[PDB]
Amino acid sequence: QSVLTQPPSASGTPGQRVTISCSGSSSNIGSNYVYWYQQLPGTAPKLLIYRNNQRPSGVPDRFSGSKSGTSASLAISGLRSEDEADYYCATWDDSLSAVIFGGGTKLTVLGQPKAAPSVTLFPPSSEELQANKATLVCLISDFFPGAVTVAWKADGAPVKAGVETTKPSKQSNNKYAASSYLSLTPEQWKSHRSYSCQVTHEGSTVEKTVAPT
């Protein structure tokens, strides 16, 4: 009655055609124009379709909008990779008297089985040790899909915590990326020998190591 609902996610495969629905109410999506915005990872949303199905000059014919009843849907044809982003529907809701958006829809064009995580490890700096700080940086570049269980261990047995890892992030190569950092007092970089940064990317645990010297 007061909020649009779209599929949390979608995904397809190149050259294909997919549709995203926006289930709404009469107080909104059923009595007003629907809008569709596209949001490629870490970017300001882009207007995709206005007034149910108008494409602002600069938007592909493959993108089409439509409404019927209290629902609308966006449809992508001739899918590409430059199309996996987040999409949202929006309209005015006369009940609340305000603009409203759906939750959003993921959608990821399935393909490119090539995910070569060119991992890299860096031994702390001299300025750091000269300041009680053994900060190791395991910079792991691209890899599709973006998900790995990076592993940090000393010599052989893995250590509890002290190491913090972020989340993936679509790069320019359109490949998710991340990075991890290990703490542990500076009286350990010289105390122990060799530190490894494993990264099990669905089997392949490509990794690198640094010498305490």
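Note that residue numbering follows the sequence shown and begins at 1.
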{"property": "Residue range whose averaged C-alpha B-factor is higher in the record, 120-128 or 82-90", "result": "120-128"}
{"property": "167-175 set against 58-66, stretch whose average Cα temperature factor tops the other in the entry", "result": "167-175"}
{"property": "Selection from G146, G42, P45, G30 [criterion: highest C-alpha temperature factor in the record]", "result": "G146"}
{"property": "For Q112, the third of its chain into which the C-alpha B factor falls", "result": "middle"}
{"property": "Record-listed C-alpha B factor of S77: chain third", "result": "middle"}
{"property": "Third of the chain's Cα B-factor distribution that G203 belongs to, per the entry", "result": "highest"}
{"property": "Third of the chain's Cα B-factor distribution that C197 belongs to, per the entry", "result": "highest"}
{"property": "Position of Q16 among the chain's modelled residues by C-alpha B-factor, lowest, middle or highest third", "result": "middle"}
